[PDB]
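In: To kick things off, part of the complex as it is:
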Amino acid sequence: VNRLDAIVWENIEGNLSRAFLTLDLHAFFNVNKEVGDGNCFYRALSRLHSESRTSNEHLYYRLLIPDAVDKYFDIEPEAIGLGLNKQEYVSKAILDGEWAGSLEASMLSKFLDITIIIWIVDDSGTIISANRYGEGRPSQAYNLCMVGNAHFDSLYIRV
């Protein structure tokens, strides 16, 4: 907590800032493992938005995407970078089990006025970098663990 809030992030593009660092994950966070149902991203947001610590709003968080697209997709560096078609993207993104991550963190951070950090973990479970979407500190952020470049778990910051 104390340490993570002292991190100066490097600004990169849009509301994305970045850090390179090695951390022992268990020393700084507790992890709630999410199920492998395609929804981990939205489960983690649901779980992190509230002290009751449940993932059952995951559908609702997913259903924010069309509206966030209307507001932001035309200007999202990742969408622009990858040359994604808006209509193609919105139709897929609302389906149950469709994966998500960096683009939806960028849109939703803004849409909900929150800060989302995806912490990247190597094969051994050591945090090797992070992407922060927003201007908040980690102690206030929605912290997610990215595993095997294919899944996220929720992080609770430790005390």
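Out: Sure thing, it's come through. Numbering: from 1, shown residues only, chains lettered A, B, ... in the order given.
In: do you know how far the nearest residue to residue A:153 once chain neighbours are set aside is from residue A:16?
Out: Leaving aside its sequence neighbours, residue A:153 sits nearest to residue A:145 (Cβ to Cβ, 6 or more residues apart in numbering; 4.5 Å). (C-beta placed from N, C-alpha, C; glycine too.) According to Cβ to Cβ, to the nearest Å, residue A:145 and residue A:16 sit 18 Å apart.
In: who has more neighbours, those two?
Out: Set residue A:145 next to residue A:16 and count neighbours by other Cβ atoms under 10 Å: residue A:145 wins out with 24 against 19.
In: List phi and psi for residue A:104.
Out: phi -70, psi -30 (degrees, to the nearest 10).
In: and residue A:12, what is it in contact with?
Out: Shown in contact with residue A:12 (Cβ atoms under 8 Å, 6 or more residues apart in numbering): residue A:18.
In: gap between the two ends of stretch A:128-143?
Out: The first and final residues of stretch A:128-143 sit 15 Å from each other (Cα to Cα, to the nearest Å).
In: Identify each buried residue in it, please.
Out: A:130-134, A:136-138, A:141-143 (16 or more other Cβ atoms under 10 Å).
In: Show the subsequent helix or strand relative to the helix or strand encompassing the residue nearest to residue A:153.
Out: Counting by DSSP states H and E, the element that carries residue A:145 is strand A:142-147. Per DSSP H and E, the first helix or strand lying C-terminal to strand A:142-147 is strand A:151-157.
In: Drop chain B onto that structure:
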Amino acid sequence: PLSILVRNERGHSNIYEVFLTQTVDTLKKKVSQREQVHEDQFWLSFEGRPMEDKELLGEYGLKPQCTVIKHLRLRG
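Out: Below, chain B sits with the chains from the block before:
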């Protein structure tokens, strides 16, 4: 024939040769083959601006030894 750096997702730079009269996807393909990663899983920016597949490399103000940043598309 310009030499530049592409900083990878681990923060480490690798040297790529590039032609300002060629489009951005030429460099995508070079990175894709060399770093073993599909083109639709990453994008590139330069000085905070996203680079686009059919834009000419020369339009971005590239210089010898300048750094392009690789951005993985994160999905899970």
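In: back to the contacts of residue A:12, now that we've got chain B?
Out: Neighbouring residues of residue A:12 by Cβ atoms under 8 Å, 6 or more residues apart in numbering or on different chains: A:18, B:45, B:48, B:69.
In: residues touching the third one, list them.
Out: With contact taken as Cβ under 8 Å, 6+ apart, residue B:48 is in contact with A:11-13.
In: ok, now with 6 Å
Out: Counting by Cβ atoms under 6 Å, 6 or more residues apart in numbering or on different chains, residue B:48 touches residue A:13.
In: Give the full set of residues in contact with the residue of chain B found nearest chain A.
Out: Taking Cβ to the nearest Cβ as the measure, chain B has residue B:43 as its residue closest to chain A, at 2.8 Å. Residue B:43 makes contacts with A:81-82, B:71, as judged by Cβ under 6 Å, 6+ apart.
In: just residue A:132 next, same as before
Out: Counted by Cβ under 6 Å, 6+ apart, residue A:132 has contacts A:9, A:17, A:117.
In: Which residues does it form beta bridges with?
Out: residue A:17, residue A:117 (DSSP bridges).
In: Quickly note the distance from it to chain B.
Out: 13 Å (Cβ to the nearest Cβ, to the nearest Å).
In: what does chain A have sitting close to chain B?
Out: A:13, A:20, A:40, A:77, A:80-83, A:99, A:101-102, A:150-152 (Cβ under 6 Å from any Cβ of the partner chain).
In: Filter those residues down to the ones in strands?
Out: Judged by DSSP state E, the residues of chain A next to chain B include A:13, A:20, A:151-152 as members of strands.
In: Look through chain A and state the residue closest to chain B.
Out: Shortest chain A-to-chain B distance, computed as Cβ to the nearest Cβ: residue-wise this is residue A:81, at 2.8 Å.
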